[PDB]
file structure_16.tsv (TSV, N, CA and C atoms and all ligand atoms)
chain	number	residue	atom	x	y	z
A	1	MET	N	126.91	134.69	59.74
A	1	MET	CA	125.62	135.10	60.37
A	1	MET	C	124.50	134.08	59.99
A	2	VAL	N	124.49	133.62	58.74
A	2	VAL	CA	123.50	132.63	58.23
A	2	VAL	C	123.87	131.19	58.65
A	3	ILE	N	122.93	130.55	59.31
A	3	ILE	CA	123.07	129.17	59.75
A	3	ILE	C	122.62	128.26	58.59
A	4	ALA	N	121.45	128.56	58.01
A	4	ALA	CA	120.91	127.77	56.91
A	4	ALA	C	119.93	128.58	56.09
A	5	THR	N	119.93	128.38	54.78
A	5	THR	CA	118.81	128.74	53.94
A	5	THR	C	118.18	127.46	53.43
A	6	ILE	N	116.87	127.36	53.61
A	6	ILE	CA	116.10	126.19	53.15
A	6	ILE	C	115.05	126.66	52.16
A	7	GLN	N	115.14	126.20	50.93
A	7	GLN	CA	114.07	126.47	49.98
A	7	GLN	C	112.82	125.72	50.43
A	8	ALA	N	111.68	126.40	50.41
A	8	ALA	CA	110.47	125.82	51.01
A	8	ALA	C	110.00	124.55	50.33
A	9	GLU	N	110.25	124.47	49.03
A	9	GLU	CA	109.89	123.31	48.24
A	9	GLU	C	110.77	122.10	48.53
A	10	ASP	N	111.91	122.30	49.20
A	10	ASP	CA	112.87	121.22	49.46
A	10	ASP	C	112.55	120.49	50.76
A	11	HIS	N	111.27	120.22	50.93
A	11	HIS	CA	110.81	119.44	52.05
A	11	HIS	C	110.91	117.95	51.83
A	12	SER	N	111.20	117.21	52.90
A	12	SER	CA	111.24	115.74	52.82
A	12	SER	C	109.86	115.10	52.90
A	13	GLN	N	108.93	115.79	53.53
A	13	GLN	CA	107.52	115.41	53.57
A	13	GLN	C	106.66	116.67	53.63
A	14	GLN	N	105.40	116.54	53.22
A	14	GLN	CA	104.46	117.65	53.31
A	14	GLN	C	103.05	117.13	53.38
A	15	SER	N	102.13	118.03	53.70
A	15	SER	CA	100.69	117.75	53.62
A	15	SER	C	99.93	118.95	53.11
A	16	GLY	N	99.11	118.73	52.09
A	16	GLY	CA	98.12	119.69	51.65
A	16	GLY	C	98.53	120.77	50.66
A	17	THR	N	99.80	120.79	50.25
A	17	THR	CA	100.32	121.90	49.45
A	17	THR	C	100.78	121.45	48.08
A	18	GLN	N	101.14	122.42	47.25
A	18	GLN	CA	101.65	122.12	45.92
A	18	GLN	C	102.71	123.16	45.57
A	19	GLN	N	103.76	122.74	44.88
A	19	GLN	CA	104.75	123.72	44.42
A	19	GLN	C	104.30	124.39	43.13
A	20	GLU	N	104.85	125.55	42.89
A	20	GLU	CA	104.56	126.30	41.68
A	20	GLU	C	105.74	127.20	41.38
A	21	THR	N	105.84	127.63	40.14
A	21	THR	CA	106.91	128.51	39.74
A	21	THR	C	106.78	129.85	40.43
A	22	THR	N	107.91	130.40	40.89
A	22	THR	CA	107.89	131.74	41.46
A	22	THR	C	108.59	132.72	40.55
A	23	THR	N	108.09	133.96	40.55
A	23	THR	CA	108.76	135.06	39.86
A	23	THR	C	109.55	135.95	40.81
A	24	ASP	N	109.66	135.54	42.07
A	24	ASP	CA	110.57	136.21	43.00
A	24	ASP	C	112.02	136.19	42.48
A	25	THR	N	112.84	137.09	43.00
A	25	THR	CA	114.27	137.09	42.74
A	25	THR	C	114.90	135.72	42.91
A	26	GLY	N	115.65	135.29	41.89
A	26	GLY	CA	116.30	133.98	41.88
A	26	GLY	C	115.48	132.89	41.20
A	27	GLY	N	114.21	133.18	40.93
A	27	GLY	CA	113.33	132.22	40.30
A	27	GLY	C	113.18	130.95	41.13
A	28	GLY	N	113.00	129.83	40.46
A	28	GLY	CA	112.78	128.56	41.13
A	28	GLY	C	111.30	128.33	41.43
A	29	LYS	N	111.02	127.80	42.62
A	29	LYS	CA	109.66	127.43	43.01
A	29	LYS	C	109.29	127.97	44.37
A	30	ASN	N	108.00	128.12	44.60
A	30	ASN	CA	107.49	128.33	45.95
A	30	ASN	C	106.46	127.29	46.28
A	31	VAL	N	106.17	127.17	47.56
A	31	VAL	CA	105.05	126.38	48.04
A	31	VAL	C	103.80	127.23	48.01
A	32	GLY	N	102.74	126.66	47.45
A	32	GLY	CA	101.46	127.32	47.36
A	32	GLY	C	100.32	126.45	47.86
A	33	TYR	N	99.10	126.97	47.70
A	33	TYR	CA	97.87	126.27	48.15
A	33	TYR	C	97.98	125.81	49.60
A	34	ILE	N	98.32	126.78	50.44
A	34	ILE	CA	98.51	126.56	51.87
A	34	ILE	C	97.23	126.93	52.61
A	35	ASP	N	96.81	126.03	53.50
A	35	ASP	CA	95.61	126.19	54.29
A	35	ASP	C	95.84	125.67	55.70
A	36	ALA	N	94.92	126.02	56.59
A	36	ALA	CA	94.96	125.55	57.97
A	36	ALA	C	95.08	124.03	58.02
A	37	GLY	N	96.08	123.54	58.75
A	37	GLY	CA	96.35	122.13	58.89
A	37	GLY	C	97.52	121.63	58.04
A	38	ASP	N	97.79	122.33	56.95
A	38	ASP	CA	98.87	121.92	56.04
A	38	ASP	C	100.22	122.08	56.73
A	39	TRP	N	101.20	121.31	56.26
A	39	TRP	CA	102.53	121.39	56.87
A	39	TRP	C	103.62	120.95	55.95
A	40	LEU	N	104.85	121.34	56.33
A	40	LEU	CA	106.06	121.09	55.57
A	40	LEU	C	107.10	120.57	56.55
A	41	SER	N	107.72	119.45	56.24
A	41	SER	CA	108.79	118.89	57.05
A	41	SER	C	110.12	118.98	56.33
A	42	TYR	N	111.15	119.38	57.08
A	42	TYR	CA	112.54	119.43	56.59
A	42	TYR	C	113.40	118.45	57.36
A	43	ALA	N	112.77	117.36	57.81
A	43	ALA	CA	113.49	116.34	58.57
A	43	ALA	C	114.64	115.69	57.80
A	44	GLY	N	114.52	115.63	56.49
A	44	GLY	CA	115.56	115.04	55.67
A	44	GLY	C	116.85	115.83	55.58
A	45	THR	N	116.79	117.11	55.95
A	45	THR	CA	117.94	118.02	55.94
A	45	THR	C	118.09	118.64	57.32
A	46	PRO	N	118.64	117.90	58.29
A	46	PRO	CA	118.81	118.47	59.62
A	46	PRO	C	119.75	119.66	59.58
A	47	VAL	N	119.50	120.62	60.45
A	47	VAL	CA	120.30	121.84	60.51
A	47	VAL	C	120.99	121.88	61.86
A	48	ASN	N	122.27	122.21	61.87
A	48	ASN	CA	123.04	122.20	63.10
A	48	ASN	C	123.01	123.57	63.74
A	49	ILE	N	122.61	123.64	65.00
A	49	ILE	CA	122.64	124.89	65.74
A	49	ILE	C	123.88	124.87	66.65
A	50	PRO	N	124.77	125.84	66.48
A	50	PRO	CA	126.09	125.77	67.13
A	50	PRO	C	126.09	125.99	68.65
A	51	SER	N	125.13	126.76	69.14
A	51	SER	CA	125.03	127.07	70.56
A	51	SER	C	123.57	127.39	70.91
A	52	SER	N	123.20	127.12	72.14
A	52	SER	CA	121.85	127.39	72.59
A	52	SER	C	121.64	128.89	72.72
A	53	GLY	N	120.47	129.37	72.30
A	53	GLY	CA	120.15	130.77	72.42
A	53	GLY	C	119.22	131.27	71.36
A	54	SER	N	119.27	132.58	71.15
A	54	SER	CA	118.34	133.27	70.28
A	54	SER	C	118.77	133.17	68.82
A	55	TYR	N	117.85	132.77	67.94
A	55	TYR	CA	118.06	132.77	66.49
A	55	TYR	C	116.94	133.54	65.81
A	56	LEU	N	117.28	134.18	64.70
A	56	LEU	CA	116.34	134.93	63.89
A	56	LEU	C	115.91	134.05	62.73
A	57	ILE	N	114.61	133.80	62.63
A	57	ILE	CA	114.05	133.00	61.56
A	57	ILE	C	113.34	133.92	60.58
A	58	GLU	N	113.74	133.85	59.31
A	58	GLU	CA	113.17	134.66	58.25
A	58	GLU	C	112.36	133.81	57.30
A	59	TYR	N	111.27	134.36	56.78
A	59	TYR	CA	110.41	133.66	55.83
A	59	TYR	C	110.13	134.58	54.64
A	60	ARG	N	110.34	134.08	53.43
A	60	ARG	CA	110.07	134.81	52.18
A	60	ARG	C	108.69	134.43	51.74
A	61	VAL	N	107.76	135.38	51.87
A	61	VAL	CA	106.32	135.12	51.77
A	61	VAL	C	105.62	136.09	50.80
A	62	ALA	N	104.48	135.65	50.29
A	62	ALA	CA	103.59	136.46	49.44
A	62	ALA	C	102.17	136.11	49.83
A	63	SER	N	101.28	137.10	49.82
A	63	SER	CA	99.88	136.87	50.21
A	63	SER	C	99.00	137.92	49.56
A	64	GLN	N	97.99	137.49	48.83
A	64	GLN	CA	97.07	138.43	48.18
A	64	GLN	C	96.26	139.22	49.19
A	65	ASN	N	95.67	138.53	50.16
A	65	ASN	CA	94.72	139.11	51.11
A	65	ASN	C	95.12	139.12	52.59
A	66	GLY	N	96.28	138.55	52.93
A	66	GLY	CA	96.70	138.46	54.31
A	66	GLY	C	95.87	137.46	55.12
A	67	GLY	N	96.05	137.50	56.44
A	67	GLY	CA	95.33	136.65	57.37
A	67	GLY	C	95.98	135.32	57.71
A	68	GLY	N	97.11	135.02	57.10
A	68	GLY	CA	97.77	133.75	57.36
A	68	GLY	C	98.60	133.76	58.64
A	69	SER	N	98.94	132.59	59.13
A	69	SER	CA	99.93	132.44	60.19
A	69	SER	C	100.55	131.04	60.15
A	70	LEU	N	101.74	130.91	60.70
A	70	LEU	CA	102.42	129.62	60.78
A	70	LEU	C	103.08	129.43	62.14
A	71	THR	N	103.37	128.17	62.42
A	71	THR	CA	104.12	127.73	63.58
A	71	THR	C	105.41	127.05	63.09
A	72	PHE	N	106.54	127.47	63.63
A	72	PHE	CA	107.87	126.93	63.36
A	72	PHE	C	108.21	126.02	64.53
A	73	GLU	N	108.58	124.79	64.22
A	73	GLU	CA	108.69	123.74	65.23
A	73	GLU	C	109.69	122.68	64.77
A	74	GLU	N	109.85	121.64	65.57
A	74	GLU	CA	110.53	120.44	65.10
A	74	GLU	C	109.54	119.63	64.32
A	75	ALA	N	110.05	118.94	63.31
A	75	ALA	CA	109.26	118.04	62.49
A	75	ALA	C	108.55	117.06	63.43
A	76	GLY	N	107.27	116.86	63.22
A	76	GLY	CA	106.52	115.99	64.10
A	76	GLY	C	105.66	116.77	65.06
A	77	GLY	N	106.02	118.02	65.35
A	77	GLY	CA	105.14	118.91	66.08
A	77	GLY	C	105.60	119.50	67.40
A	78	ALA	N	106.65	118.96	68.00
A	78	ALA	CA	107.12	119.44	69.30
A	78	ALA	C	108.63	119.20	69.48
A	79	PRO	N	109.37	120.10	70.12
A	79	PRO	CA	108.91	121.40	70.63
A	79	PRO	C	108.57	122.41	69.56
A	80	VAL	N	107.64	123.29	69.90
A	80	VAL	CA	107.32	124.45	69.09
A	80	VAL	C	108.30	125.56	69.43
A	81	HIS	N	108.78	126.22	68.40
A	81	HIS	CA	109.74	127.29	68.56
A	81	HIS	C	109.10	128.67	68.53
A	82	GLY	N	108.13	128.88	67.65
A	82	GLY	CA	107.52	130.19	67.55
A	82	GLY	C	106.43	130.25	66.51
A	83	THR	N	105.68	131.34	66.52
A	83	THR	CA	104.60	131.58	65.57
A	83	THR	C	104.79	132.96	64.95
A	84	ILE	N	104.22	133.14	63.78
A	84	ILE	CA	104.34	134.40	63.08
A	84	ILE	C	103.12	134.64	62.16
A	85	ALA	N	102.62	135.87	62.17
A	85	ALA	CA	101.56	136.29	61.27
A	85	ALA	C	102.12	136.68	59.92
A	86	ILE	N	101.41	136.30	58.86
A	86	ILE	CA	101.87	136.59	57.52
A	86	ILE	C	101.01	137.72	56.95
A	87	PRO	N	101.63	138.85	56.63
A	87	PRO	CA	100.87	140.02	56.17
A	87	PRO	C	100.45	139.91	54.73
A	88	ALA	N	99.45	140.68	54.33
A	88	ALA	CA	99.13	140.87	52.93
A	88	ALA	C	100.31	141.58	52.29
A	89	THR	N	100.69	141.13	51.10
A	89	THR	CA	101.78	141.76	50.36
A	89	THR	C	101.29	142.41	49.07
A	90	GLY	N	100.05	142.16	48.67
A	90	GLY	CA	99.52	142.78	47.46
A	90	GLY	C	99.36	141.83	46.30
A	91	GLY	N	99.85	140.61	46.45
A	91	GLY	CA	99.66	139.65	45.39
A	91	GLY	C	100.33	138.35	45.69
A	92	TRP	N	99.92	137.32	44.95
A	92	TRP	CA	100.46	135.99	45.15
A	92	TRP	C	101.95	135.85	44.80
A	93	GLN	N	102.46	136.77	43.98
A	93	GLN	CA	103.87	136.80	43.63
A	93	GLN	C	104.49	138.17	43.90
A	94	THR	N	103.99	138.84	44.93
A	94	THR	CA	104.61	140.03	45.45
A	94	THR	C	105.21	139.62	46.78
A	95	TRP	N	106.53	139.62	46.83
A	95	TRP	CA	107.29	138.95	47.89
A	95	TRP	C	107.87	139.91	48.89
A	96	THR	N	107.92	139.46	50.13
A	96	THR	CA	108.56	140.20	51.19
A	96	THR	C	109.19	139.22	52.18
A	97	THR	N	110.14	139.69	52.96
A	97	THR	CA	110.75	138.86	54.00
A	97	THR	C	110.28	139.31	55.37
A	98	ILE	N	109.68	138.39	56.11
A	98	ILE	CA	109.28	138.62	57.50
A	98	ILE	C	110.18	137.81	58.42
A	99	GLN	N	110.21	138.20	59.69
A	99	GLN	CA	111.12	137.56	60.65
A	99	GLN	C	110.59	137.59	62.07
A	100	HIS	N	111.06	136.62	62.85
A	100	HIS	CA	110.88	136.60	64.29
A	100	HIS	C	112.05	135.91	64.95
A	101	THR	N	112.15	136.02	66.26
A	101	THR	CA	113.16	135.29	67.03
A	101	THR	C	112.55	134.13	67.80
A	102	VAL	N	113.35	133.10	67.97
A	102	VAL	CA	113.03	131.95	68.77
A	102	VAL	C	114.26	131.51	69.55
A	103	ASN	N	114.05	130.73	70.59
A	103	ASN	CA	115.15	130.06	71.28
A	103	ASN	C	115.34	128.70	70.67
A	104	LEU	N	116.58	128.30	70.42
A	104	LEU	CA	116.91	126.97	69.95
A	104	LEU	C	118.04	126.37	70.77
A	105	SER	N	117.90	125.11	71.09
A	105	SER	CA	118.96	124.36	71.75
A	105	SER	C	120.09	124.02	70.78
A	106	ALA	N	121.30	123.90	71.30
A	106	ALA	CA	122.42	123.49	70.46
A	106	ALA	C	122.22	122.08	69.97
A	107	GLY	N	122.75	121.80	68.78
A	107	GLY	CA	122.73	120.47	68.21
A	107	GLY	C	121.93	120.38	66.93
A	108	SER	N	121.67	119.15	66.51
A	108	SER	CA	121.04	118.89	65.24
A	108	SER	C	119.51	118.97	65.39
A	109	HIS	N	118.91	119.82	64.56
A	109	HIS	CA	117.49	120.03	64.50
A	109	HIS	C	116.88	119.52	63.23
A	110	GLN	N	115.67	119.00	63.34
A	110	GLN	CA	114.85	118.66	62.17
A	110	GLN	C	113.62	119.57	62.23
A	111	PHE	N	113.58	120.59	61.38
A	111	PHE	CA	112.55	121.61	61.49
A	111	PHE	C	111.30	121.24	60.69
A	112	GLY	N	110.19	121.85	61.08
A	112	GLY	CA	108.91	121.74	60.41
A	112	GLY	C	108.14	123.05	60.51
A	113	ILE	N	107.22	123.24	59.57
A	113	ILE	CA	106.30	124.37	59.56
A	113	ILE	C	104.86	123.84	59.49
A	114	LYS	N	104.01	124.34	60.36
A	114	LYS	CA	102.57	124.07	60.34
A	114	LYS	C	101.82	125.34	60.02
A	115	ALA	N	100.93	125.29	59.04
A	115	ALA	CA	100.08	126.43	58.73
A	115	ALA	C	98.87	126.46	59.64
A	116	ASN	N	98.70	127.56	60.36
A	116	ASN	CA	97.53	127.67	61.23
A	116	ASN	C	96.35	128.31	60.51
A	117	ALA	N	96.67	129.09	59.50
A	117	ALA	CA	95.70	129.71	58.60
A	117	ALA	C	96.38	129.93	57.26
A	118	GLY	N	95.64	129.73	56.19
A	118	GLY	CA	96.15	129.89	54.84
A	118	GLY	C	96.16	131.30	54.30
A	119	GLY	N	96.29	131.39	52.98
A	119	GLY	CA	96.26	132.65	52.28
A	119	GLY	C	97.59	133.21	51.86
A	120	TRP	N	98.63	132.39	51.92
A	120	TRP	CA	99.99	132.84	51.63
A	120	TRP	C	100.80	131.77	50.90
A	121	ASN	N	101.89	132.22	50.28
A	121	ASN	CA	102.87	131.39	49.61
A	121	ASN	C	104.21	131.54	50.31
A	122	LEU	N	105.06	130.52	50.21
A	122	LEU	CA	106.33	130.49	50.91
A	122	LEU	C	107.46	130.08	49.94
A	123	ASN	N	108.48	130.92	49.80
A	123	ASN	CA	109.59	130.66	48.86
A	123	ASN	C	110.76	129.95	49.53
A	124	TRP	N	111.18	130.46	50.68
A	124	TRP	CA	112.29	129.92	51.44
A	124	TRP	C	112.25	130.40	52.88
A	125	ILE	N	113.05	129.75	53.72
A	125	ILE	CA	113.24	130.10	55.11
A	125	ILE	C	114.73	130.24	55.38
A	126	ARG	N	115.08	131.12	56.28
A	126	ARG	CA	116.49	131.32	56.60
A	126	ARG	C	116.66	131.44	58.09
A	127	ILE	N	117.66	130.74	58.64
A	127	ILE	CA	117.93	130.76	60.08
A	127	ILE	C	119.24	131.54	60.23
A	128	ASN	N	119.23	132.54	61.10
A	128	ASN	CA	120.38	133.41	61.33
A	128	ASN	C	120.74	133.50	62.80
A	129	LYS	N	122.03	133.68	63.09
A	129	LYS	CA	122.43	134.05	64.44
A	129	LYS	C	121.95	135.46	64.75
A	130	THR	N	121.86	135.76	66.05
A	130	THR	CA	121.52	137.11	66.53
A	130	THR	C	122.76	137.75	67.12
B	201	LIG	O1	106.22	119.60	62.03
B	201	LIG	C1	105.44	119.47	60.88
B	201	LIG	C2	104.36	118.40	61.08
B	201	LIG	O2	105.00	117.14	61.19
B	201	LIG	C3	104.09	116.05	61.11
B	201	LIG	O3	104.79	114.92	61.24
B	201	LIG	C4	105.43	114.37	60.11
B	201	LIG	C5	106.93	114.73	60.10
B	201	LIG	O4	107.06	116.12	59.90
B	201	LIG	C6	107.62	113.96	58.98
B	201	LIG	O5	109.01	114.21	58.85
B	201	LIG	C7	107.37	112.47	59.25
B	201	LIG	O6	108.13	111.74	58.33
B	201	LIG	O7	105.99	112.21	59.09
B	201	LIG	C8	105.14	112.86	60.05
B	201	LIG	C9	103.65	112.68	59.70
B	201	LIG	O8	103.19	111.35	59.83
B	201	LIG	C10	103.03	116.12	62.21
B	201	LIG	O9	102.07	115.11	61.95
B	201	LIG	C11	102.37	117.50	62.26
B	201	LIG	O10	101.53	117.61	63.39
B	201	LIG	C12	103.43	118.60	62.27
B	201	LIG	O11	102.78	119.86	62.25
B	202	CA	CA	96.24	123.20	50.91
B	203	CA	CA	111.93	128.49	46.68
B	204	CL	CL	101.66	139.46	42.33
B	205	CL	CL	92.77	128.36	55.95
B	206	NA	NA	115.01	123.66	70.70
call {"tool": "encode", "arguments": {"input": "structure_16.tsv", "output": "structure tokens", "more": "lines below"}}
Ligand SMILES: OC[C@H]1O[C@@H](O[C@H]2[C@H](O)[C@@H](O)[C@H](O)O[C@@H]2CO)[C@H](O)[C@@H](O)[C@@H]1O
Ligand SMILES: [Ca+2]
Ligand SMILES: [Ca+2]
Ligand SMILES: [Cl-]
Ligand SMILES: [Cl-]
Ligand code: NA
result
Amino acid sequence: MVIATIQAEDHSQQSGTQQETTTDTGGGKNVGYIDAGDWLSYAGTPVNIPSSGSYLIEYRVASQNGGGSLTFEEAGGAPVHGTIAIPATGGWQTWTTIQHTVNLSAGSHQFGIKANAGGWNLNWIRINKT
């Protein structure tokens, strides 16, 4: 069912953010200090999509005050796959998993995330079949 899990800190390029220790399950790091304009590229780790169609994209997120949103896309900015609002979770290290669906073409993808509004932290992303 799982196509890929990508730890958010395992980006090949980024803008505007910093990693920090997470107390979420599994430990490790999350991406923090996210604001409008910031972005994360996973171009260095292309992900293979086996067939064209609907995929479920999950994000492990934390947000003290809510109000954030992101765009999931190809690295570089286009095509855009989808957008998602990031809810308040109650704290910077109070974690939850949110999800949406997007259409993806078959083949090798180089994904990216653009923050449209800040206020949240990101631990990992997961791409699943539907
Ligand atoms: O999709 C995220 C973000 O990508 C930015 O382009 C990056 C690209 O992600 C990276 O792999 C490449 O090496 O460098 C360029 C930046 O020069 C793009 O500028 C953003 O608009 C986009 O949101
Ligand atoms: Ca920032
Ligand atoms: Ca992580
Ligand atoms: Cl917390
Ligand atoms: Cl912001
Ligand atoms: Na696509």
call {"tool": "residues_around", "arguments": {"input": "structure_16.tsv", "residues": "stretch 81-98 of chain A", "least_positions_apart": "4", "cutoff": "6.5 Å", "atoms": "all atoms listed in the file", "output": "PDB file with N, CA and C atoms, in the coordinates of the input"}}
result
ATOM      1  N   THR A  23     108.090 133.960  40.550  1.00  0.00           N
ATOM      2  CA  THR A  23     108.760 135.060  39.860  1.00  0.00           C
ATOM      3  C   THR A  23     109.550 135.950  40.810  1.00  0.00           C
ATOM      4  N   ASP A  24     109.660 135.540  42.070  1.00  0.00           N
ATOM      5  CA  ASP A  24     110.570 136.210  43.000  1.00  0.00           C
ATOM      6  C   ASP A  24     112.020 136.190  42.480  1.00  0.00           C
ATOM      7  N   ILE A  57     114.610 133.800  62.630  1.00  0.00           N
ATOM      8  CA  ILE A  57     114.050 133.000  61.560  1.00  0.00           C
ATOM      9  C   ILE A  57     113.340 133.920  60.580  1.00  0.00           C
ATOM     10  N   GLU A  58     113.740 133.850  59.310  1.00  0.00           N
ATOM     11  CA  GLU A  58     113.170 134.660  58.250  1.00  0.00           C
ATOM     12  C   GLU A  58     112.360 133.810  57.300  1.00  0.00           C
ATOM     13  N   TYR A  59     111.270 134.360  56.780  1.00  0.00           N
ATOM     14  CA  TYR A  59     110.410 133.660  55.830  1.00  0.00           C
ATOM     15  C   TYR A  59     110.130 134.580  54.640  1.00  0.00           C
ATOM     16  N   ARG A  60     110.340 134.080  53.430  1.00  0.00           N
ATOM     17  CA  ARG A  60     110.070 134.810  52.180  1.00  0.00           C
ATOM     18  C   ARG A  60     108.690 134.430  51.740  1.00  0.00           C
ATOM     19  N   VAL A  61     107.760 135.380  51.870  1.00  0.00           N
ATOM     20  CA  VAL A  61     106.320 135.120  51.770  1.00  0.00           C
ATOM     21  C   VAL A  61     105.620 136.090  50.800  1.00  0.00           C
ATOM     22  N   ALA A  62     104.480 135.650  50.290  1.00  0.00           N
ATOM     23  CA  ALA A  62     103.590 136.460  49.440  1.00  0.00           C
ATOM     24  C   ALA A  62     102.170 136.110  49.830  1.00  0.00           C
ATOM     25  N   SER A  63     101.280 137.100  49.820  1.00  0.00           N
ATOM     26  CA  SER A  63      99.880 136.870  50.210  1.00  0.00           C
ATOM     27  C   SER A  63      99.000 137.920  49.560  1.00  0.00           C
ATOM     28  N   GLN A  64      97.990 137.490  48.830  1.00  0.00           N
ATOM     29  CA  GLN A  64      97.070 138.430  48.180  1.00  0.00           C
ATOM     30  C   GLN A  64      96.260 139.220  49.190  1.00  0.00           C
ATOM     31  N   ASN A  65      95.670 138.530  50.160  1.00  0.00           N
ATOM     32  CA  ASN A  65      94.720 139.110  51.110  1.00  0.00           C
ATOM     33  C   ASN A  65      95.120 139.120  52.590  1.00  0.00           C
ATOM     34  N   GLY A  66      96.280 138.550  52.930  1.00  0.00           N
ATOM     35  CA  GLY A  66      96.700 138.460  54.310  1.00  0.00           C
ATOM     36  C   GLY A  66      95.870 137.460  55.120  1.00  0.00           C
ATOM     37  N   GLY A  67      96.050 137.500  56.440  1.00  0.00           N
ATOM     38  CA  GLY A  67      95.330 136.650  57.370  1.00  0.00           C
ATOM     39  C   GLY A  67      95.980 135.320  57.710  1.00  0.00           C
ATOM     40  N   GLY A  68      97.110 135.020  57.100  1.00  0.00           N
ATOM     41  CA  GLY A  68      97.770 133.750  57.360  1.00  0.00           C
ATOM     42  C   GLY A  68      98.600 133.760  58.640  1.00  0.00           C
ATOM     43  N   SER A  69      98.940 132.590  59.130  1.00  0.00           N
ATOM     44  CA  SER A  69      99.930 132.440  60.190  1.00  0.00           C
ATOM     45  C   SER A  69     100.550 131.040  60.150  1.00  0.00           C
ATOM     46  N   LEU A  70     101.740 130.910  60.700  1.00  0.00           N
ATOM     47  CA  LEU A  70     102.420 129.620  60.780  1.00  0.00           C
ATOM     48  C   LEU A  70     103.080 129.430  62.140  1.00  0.00           C
ATOM     49  N   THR A  71     103.370 128.170  62.420  1.00  0.00           N
ATOM     50  CA  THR A  71     104.120 127.730  63.580  1.00  0.00           C
ATOM     51  C   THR A  71     105.410 127.050  63.090  1.00  0.00           C
ATOM     52  N   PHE A  72     106.540 127.470  63.630  1.00  0.00           N
ATOM     53  CA  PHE A  72     107.870 126.930  63.360  1.00  0.00           C
ATOM     54  C   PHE A  72     108.210 126.020  64.530  1.00  0.00           C
ATOM     55  N   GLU A  73     108.580 124.790  64.220  1.00  0.00           N
ATOM     56  CA  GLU A  73     108.690 123.740  65.230  1.00  0.00           C
ATOM     57  C   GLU A  73     109.690 122.680  64.770  1.00  0.00           C
ATOM     58  N   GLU A  74     109.850 121.640  65.570  1.00  0.00           N
ATOM     59  CA  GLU A  74     110.530 120.440  65.100  1.00  0.00           C
ATOM     60  C   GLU A  74     109.540 119.630  64.320  1.00  0.00           C
ATOM     61  N   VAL A 102     113.350 133.100  67.970  1.00  0.00           N
ATOM     62  CA  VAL A 102     113.030 131.950  68.770  1.00  0.00           C
ATOM     63  C   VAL A 102     114.260 131.510  69.550  1.00  0.00           C
ATOM     64  N   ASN A 103     114.050 130.730  70.590  1.00  0.00           N
ATOM     65  CA  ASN A 103     115.150 130.060  71.280  1.00  0.00           C
ATOM     66  C   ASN A 103     115.340 128.700  70.670  1.00  0.00           C
TER      67      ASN A 103
END
call {"tool": "closest_atom_pairs", "arguments": {"input": "structure_16.tsv", "of": "chain A", "to": "ligand CA 203 (chain B)", "cutoff": "12 Å", "atoms": "only C-alpha atoms and all ligand atoms", "output": "Markdown table"}}
result
| residue | atom | partner | partner_atom | distance |
| --- | --- | --- | --- | --- |
| A:5 | CA | B:CA203 | CA | 10.0 |
| A:6 | CA | B:CA203 | CA | 8.0 |
| A:7 | CA | B:CA203 | CA | 4.4 |
| A:8 | CA | B:CA203 | CA | 5.3 |
| A:9 | CA | B:CA203 | CA | 5.8 |
| A:10 | CA | B:CA203 | CA | 7.8 |
| A:11 | CA | B:CA203 | CA | 10.6 |
| A:19 | CA | B:CA203 | CA | 8.9 |
| A:20 | CA | B:CA203 | CA | 9.2 |
| A:21 | CA | B:CA203 | CA | 8.6 |
| A:22 | CA | B:CA203 | CA | 7.4 |
| A:23 | CA | B:CA203 | CA | 10.0 |
| A:24 | CA | B:CA203 | CA | 8.7 |
| A:25 | CA | B:CA203 | CA | 9.7 |
| A:26 | CA | B:CA203 | CA | 8.5 |
| A:27 | CA | B:CA203 | CA | 7.5 |
| A:28 | CA | B:CA203 | CA | 5.6 |
| A:29 | CA | B:CA203 | CA | 4.4 |
| A:30 | CA | B:CA203 | CA | 4.5 |
| A:31 | CA | B:CA203 | CA | 7.3 |
| A:32 | CA | B:CA203 | CA | 10.6 |
| A:59 | CA | B:CA203 | CA | 10.6 |
| A:60 | CA | B:CA203 | CA | 8.6 |
| A:61 | CA | B:CA203 | CA | 10.1 |
| A:62 | CA | B:CA203 | CA | 11.9 |
| A:93 | CA | B:CA203 | CA | 12.0 |
| A:95 | CA | B:CA203 | CA | 11.5 |
| A:121 | CA | B:CA203 | CA | 10.0 |
| A:122 | CA | B:CA203 | CA | 7.3 |
| A:123 | CA | B:CA203 | CA | 3.9 |
| A:124 | CA | B:CA203 | CA | 5.0 |
| A:125 | CA | B:CA203 | CA | 8.7 |
| A:126 | CA | B:CA203 | CA | 11.3 |
call {"tool": "residues_near_ligand", "arguments": {"input": "structure_16.tsv", "ligand": "ligand CL 205 (chain B)", "cutoff": "8 Å", "atoms": "only N, CA and C atoms and all ligand atoms", "output": "short mmCIF file (atom, residue, chain, number, x, y, z; two decimals) with N, CA and C atoms, in the coordinates of the input"}}
result
data_model
loop_
_atom_site.label_atom_id
_atom_site.label_comp_id
_atom_site.auth_asym_id
_atom_site.auth_seq_id
_atom_site.Cartn_x
_atom_site.Cartn_y
_atom_site.Cartn_z
N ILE A 34 98.32 126.78 50.44
CA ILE A 34 98.51 126.56 51.87
C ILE A 34 97.23 126.93 52.61
N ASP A 35 96.81 126.03 53.50
CA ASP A 35 95.61 126.19 54.29
C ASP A 35 95.84 125.67 55.70
N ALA A 36 94.92 126.02 56.59
CA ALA A 36 94.96 125.55 57.97
C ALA A 36 95.08 124.03 58.02
N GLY A 37 96.08 123.54 58.75
CA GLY A 37 96.35 122.13 58.89
C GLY A 37 97.52 121.63 58.04
N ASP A 38 97.79 122.33 56.95
CA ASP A 38 98.87 121.92 56.04
C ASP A 38 100.22 122.08 56.73
N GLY A 67 96.05 137.50 56.44
CA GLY A 67 95.33 136.65 57.37
C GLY A 67 95.98 135.32 57.71
N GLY A 68 97.11 135.02 57.10
CA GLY A 68 97.77 133.75 57.36
C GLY A 68 98.60 133.76 58.64
N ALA A 115 100.93 125.29 59.04
CA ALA A 115 100.08 126.43 58.73
C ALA A 115 98.87 126.46 59.64
N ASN A 116 98.70 127.56 60.36
CA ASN A 116 97.53 127.67 61.23
C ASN A 116 96.35 128.31 60.51
N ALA A 117 96.67 129.09 59.50
CA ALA A 117 95.70 129.71 58.60
C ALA A 117 96.38 129.93 57.26
N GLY A 118 95.64 129.73 56.19
CA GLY A 118 96.15 129.89 54.84
C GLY A 118 96.16 131.30 54.30
N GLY A 119 96.29 131.39 52.98
CA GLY A 119 96.26 132.65 52.28
C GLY A 119 97.59 133.21 51.86
#
